[PDB]
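*Asks:* Sharing a structure, written as structure tokens. Questions coming.
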Amino acid sequence: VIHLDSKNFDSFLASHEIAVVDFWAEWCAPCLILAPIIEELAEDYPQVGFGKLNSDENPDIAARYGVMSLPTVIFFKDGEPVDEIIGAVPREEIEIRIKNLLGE
């Protein structure tokens, strides 16, 4: 899971066709529930880019992508935000989306 900021955001998005960005902050309890879920998914899907964007540290990037509450997980294809989930959710909601994006 890549630590994201303005400097590496685009190169991250280009590293895999499909990318998953977890918008989070340390004060956000549901975000910290989600952290291990995302970390374990990253290990299971090495063909997908996973990154964490801390909204306290990068408020302009969160705002840019319309993130108004946390957690928000945004799914990218070819650098385009194509879908998102707002809230902590089961692994299986994130996984089903990843599989569809991969054409599984």
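Derivation of every value follows stated rules applied to the coordinates shown; laboratory data play no part. Backbone-built Cβ (ideal geometry, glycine too); neighbour counts: all protein chains shown.
*Asks:* Conditions first: (1) in contact (Cβ under 8 Å) with a residue 12 or more places away in the chain; (2) under 23 Å from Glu26 (Cβ atoms); (3) touching a strand residue (DSSP E or B) at 6+ places or on another chain (Cβ under 9 Å); (4) not acidic (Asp, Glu). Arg91 passes all but one, so which condition is the exception?
*Replies:* So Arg91 meets the others, but not (3).
Conditions tested, residue by residue: (1) touching an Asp or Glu at 6+ places or on another chain (Cβ under 6 Å); (2) under 15 Å from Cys31 (Cβ atoms); (3) polar (S, T, N, Q); (4) touching a residue at least 40 places away in the same chain (Cβ under 8 Å).
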position: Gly49; (1), (2), (3), (4): no, no, no, yes
position: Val73; (1), (2), (3), (4): yes, yes, no, yes
position: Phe76; (1), (2), (3), (4): no, no, no, yes
position: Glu84; (1), (2), (3), (4): no, yes, no, no
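*Asks:* How many residues does the stretch 88-104 contain that are β-branched (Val, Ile, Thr) and part of a loop (DSSP other than H, G, I, E, B)?
*Replies:* Looking only at that region, the number is 1.
*Asks:* Continuing with this model, one more query. Being under 19 Å from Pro30 (Cα atoms) and small (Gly, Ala, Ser) is the filter here, so list the residues in the stretch 58-71 that pass it.
*Replies:* Passing the criteria: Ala62, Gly66, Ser69.
*Asks:* Being buried (at least 18 other Cβ atoms within 10 Å of the Cβ), of a type in the set (A, V, I, L, M, F, W, C) and outside any strand (DSSP E or B) is the filter here, so list the residues in the stretch 54-87 that pass it.
*Replies:* Scanning the stretch 54-87 gives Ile61, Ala62, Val67, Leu70.
*Asks:* Return the residue satisfying two criteria in turn: it lies in the stretch 20-51 and is part of a strand (DSSP E or B) and not β-branched (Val, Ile, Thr), and of such residues it is farthest from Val82 (Cα to Cα).
*Replies:* Among them, the one singled out is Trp24.
*Asks:* Where the second residue is outside any helix (DSSP H, G or I) and of a type in the set (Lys, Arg) and the first is under 23 Å from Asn100 (Cα atoms) and lies in the stretch 1-23, which pairs have Cβ atoms under 6 Å and are six or more apart or on separate chains?
*Replies:* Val1/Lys52; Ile18/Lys77; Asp22/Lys52
*Asks:* Additional query: Please find, within the stretch 26-46, the residue that is nearest to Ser69 (Cα to Cα) out of those that are hydrophobic (A, V, I, L, M, F, W, C) and within 13 Å of the chain's Cα centre (by Cα).
*Replies:* Ranking the candidates gives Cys31 first.
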